[PDB]
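Presented below, as structure tokens, is a lone chain in the form deposited in one PDB entry.
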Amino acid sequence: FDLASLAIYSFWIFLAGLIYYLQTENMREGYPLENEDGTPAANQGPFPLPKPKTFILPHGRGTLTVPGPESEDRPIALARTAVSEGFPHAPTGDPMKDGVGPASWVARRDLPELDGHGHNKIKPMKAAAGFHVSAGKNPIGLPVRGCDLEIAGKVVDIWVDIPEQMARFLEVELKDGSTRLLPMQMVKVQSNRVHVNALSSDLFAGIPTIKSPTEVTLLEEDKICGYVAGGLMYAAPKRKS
């Protein structure tokens, strides 16, 4: 056998170990598998858990070690629809309020993400030095329309990402005078309004709310983004088209 035939045989062996490395490298969240009852699954599949690695998080926020002991750290309201594995799980309540399905949120650190300088990554624009709208229609002051074609509230500020300089949320004011953050990726900015297809007008009050008006925390975001996305499924009887 010649030189080329070695290089090619040698390669296929390299490639498999790579696939193995990659596959295991990708088991650092979500594993070991569970039965729907939360106990460890009998079948883990052919690949072993990797050895843990440890991330040092900036600004004294500690470390993360993956893979690690895993859990939701929250009550999940759902119940089996059938007597064997592999079926859907019926929500035991209001799925939006309960935070299940498309309405799901992870329980992330309840603390805002910080920029590399240790400052909040996300500010309402009003408190963001020298930040303004550079291009496109300015949404501020527009009324907000829910998918029921009713007016949910009005836009009172844009929450921006300081180091990436983009708009992450529209702060929206409801009838009672309190506000809510709407994911920027989940609204349509029109010339005469801002439209939200995911939520009906009446569902706007239900949006999870933040603690400090000047900042928002990872956990809070997840609850907000989760709830909003969930309306795509759960608001369908209120969506006209």
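The term rigid core refers to the maximal set of C-alpha atoms that superpose within 1.5 Å between the two forms. One-based numbering along the sequence shown.
**Q** 44 to 52 versus 25 to 33: which one carries the higher mean Cα B factor per the record?
**A** Comparing 25 to 33 with 44 to 52, the higher average CA B-factor belongs to 44 to 52.
**Q** Would 99 to 107 or 77 to 85 have the larger average of its C-alpha temperature factors, as given in the entry?
**A** According to the PDB entry, the answer is 77 to 85.
**Q** Using only the C-alpha B-factors in the record, can you name which of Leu149, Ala135, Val156, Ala127 has the highest?
**A** Going by the entry's C-alpha B-factors, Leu149 comes out highest.
**Q** Going by what the PDB entry lists, where does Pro58 fall on CA B-factor within its chain: lowest, middle or highest third?
**A** CA B-factor rank for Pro58: highest third.
**Q** Ranking every modelled residue in this chain by its Cα temperature factor as given in the entry, which third contains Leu174?
**A** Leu174: CA B-factor falls in the highest third of its chain.
**Q** By the record's CA B-factor, is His117 among the lowest, middle or highest third of residues in the chain?
**A** Top third by C-alpha B-factor.
**Q** Ranking the modelled residues of this chain by C-alpha B-factor as given in the entry, is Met233 in the lowest, middle or highest third?
**A** Tercile = middle for this residue's CA B-factor.
**Q** Grab the CA temperature factor for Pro67 from the record and place it in the lowest, middle or highest third of its chain.
**A** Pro67: CA B-factor falls in the middle third of its chain.
Below: the form deposited in another entry, not depicted.
**Q** Taking the rigid core as reference, which of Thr54, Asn192, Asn43, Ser212 is displaced at the C-alpha by at least 2 Å between this form and the one not shown?
**A** C-alpha shift of at least 2 Å: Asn43.
**Q** So that I can tell if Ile13 moves, could you say whether its C-alpha shifts by at least 2 Å between this form and the one not shown after the core superposition?
**A** It does not, since the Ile13 C-alpha is displaced less than 2 Å between this form and the one not shown after the core fit.
**Q** Does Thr65 move its CA by 2 angstroms or more between this form and the one not shown when the core is aligned?
**A** After core superposition, the displacement of the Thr65 C-alpha between this form and the one not shown stays below 2 Å, so no.
**Q** Would you say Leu33 moves its Cα by 2 Å or more between this form and the one not shown, aligning on the core?
**A** Comparing the forms between this form and the one not shown, which are aligned on their rigid core, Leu33 does shift its C-alpha by 2 Å or more.
**Q** If the CA atoms of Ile56 and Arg28 move by 3 Å or more in the other entry, do they move toward each other or away, so closer or farther than here?
**A** Relative to the displayed form, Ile56 and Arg28 move farther apart in the other entry - a change of at least 3 Å between their C-alphas.
**Q** Are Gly38 and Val228 closer or farther apart at the Cα level in the other entry than shown, by 3 Å or more?
**A** Farther apart, which means the C-alphas of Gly38 and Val228 are at least 3 Å more distant in the other entry.
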